[PDB]
Structure formats: structure tokens, C-alpha cells
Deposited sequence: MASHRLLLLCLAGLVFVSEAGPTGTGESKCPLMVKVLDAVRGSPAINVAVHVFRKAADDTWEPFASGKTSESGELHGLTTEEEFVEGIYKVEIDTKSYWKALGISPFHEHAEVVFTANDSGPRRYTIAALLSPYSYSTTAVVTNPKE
């Protein structure tokens, strides 16, 4: 006998993010998993990954260069931060 109760009774006006998981029971492998439920990614970069089998196996001449030299402005008042009866703002002048 398994019983799960979440927020069974609520009165008012909340601000909520919820996540509920229940469970009874090659080069890159992944199995029987949960990922990236409330995930957030910003300026996330992956240059090389899982190129493959026998790459650049013989007499390979390679030049790898990576430049992230840029003017970038990321502004976020609230991130994964629910709020209630409050005040949020972003202002620039």
C-alpha cells in the first residue's frame, strides 16, 4: 500500500512550481532515468561531443580554436522563483 499526498488542500492564491515523481519496480548509453524537469540553460555551449568511432585515426592535422569574445547582456529578474503579492521589475536607462 503506497499513498502520496501533495498540496491536498490549498486556500488562497499561492505561486507554485511542482514536480512529483513516483516509481515502483555503445559509446554513450542512458537508461531508466529522468532528466531536465525544471532545467534552465543559458549561454550553454558544447563544441565537440561523441564525434564517433575511429575519428582522426591516422595522420590527422587539426587546429581547434574557440572564441567567446562578445558583448552579451543577460538580465533576469526572476528565474525559477515564483512570487506572490509582490513586485518585480527590470529597468534600464
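Comparing the deposited sequence with the modelled residues shows gaps at 1 to 30, 56 to 76, 145 to 147, with numbering starting at 1.
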